[PDB]
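Starting off, we have a lone chain in the form deposited in one PDB entry, written out as structure tokens.
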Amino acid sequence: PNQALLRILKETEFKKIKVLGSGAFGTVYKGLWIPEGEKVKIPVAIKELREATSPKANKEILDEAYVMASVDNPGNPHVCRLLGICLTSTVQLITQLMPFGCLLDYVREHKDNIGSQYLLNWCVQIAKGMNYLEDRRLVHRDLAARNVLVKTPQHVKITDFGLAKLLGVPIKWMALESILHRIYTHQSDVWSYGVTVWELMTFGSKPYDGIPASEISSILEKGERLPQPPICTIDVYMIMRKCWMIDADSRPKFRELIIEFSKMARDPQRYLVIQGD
């Protein structure tokens, strides 16, 4: 039967070669993972969390990783898999290196060359990965375009899921029930998915630009939402609006979003209007 792949790594066994970026949970480095007793040198990304932690707190992280990072059994092509973890005065997470970066930077850098087929396919892929997370009862809590990574321009993967349940704030991506009462469910992830789609359709525009984070809940209560992106027909915008209903049970399911976006992906020029398709 299918085994649980996550590995506990020694401080040796992997090396950090260059800083890649970040300033949110920690610092990401590109490096090599040399599994002891083997002859492979695997290129990996290493996230070293900024908080300190203790040997007792590290055991709680280990207990959470055993419940969490293990019950992602078959794997999904659109979900990043945690290859290893090393807890020793710092918390370090090891995944396969993705040289092409995040989808947020990609859509900003290629604004003038992105077609409707690519945009709709990324929506399909993100929903497939999120549906897989829902099947394994894992709430992401931080779905955003910065947390979607580019394997190839035709293949994206979700990363950084459950990085809050591991031990113990993106207001403009959060559902109203998350802002007000810190309630997080697969349906609050659907809201964040809708904001992520908006990010892609606006080529990486900042949601609610120039509006303070303290004002978002009162704007959502008033009924205001993110505007219809220029390339979006009413069809795609309606899906986004459904993701942002106050009633979490009235929002789409990731399983329904796979079907809607896959239908739109079959005839993309009908749903997105881009100068150059």
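Don't overthink the numbering: it's just position in the shown sequence, from 1. Between two forms, the rigid core is defined as the largest C-alpha subset superposing within 1.5 Å.
Not pictured, yet referred to below: the form deposited in another entry.
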item: 2 Å-or-more CA mover between the shown form and the other one, where superposition uses the core and the choices are 68, 46, 232, 240; value: 68
item: Core-superposed C-alpha of residue 37 shifting 2 Å or more between the shown form and the other one; value: yes
item: Change in CA distance between residue 86 and residue 52 in the other entry, which is 3 Å or more, as closer or farther; value: farther
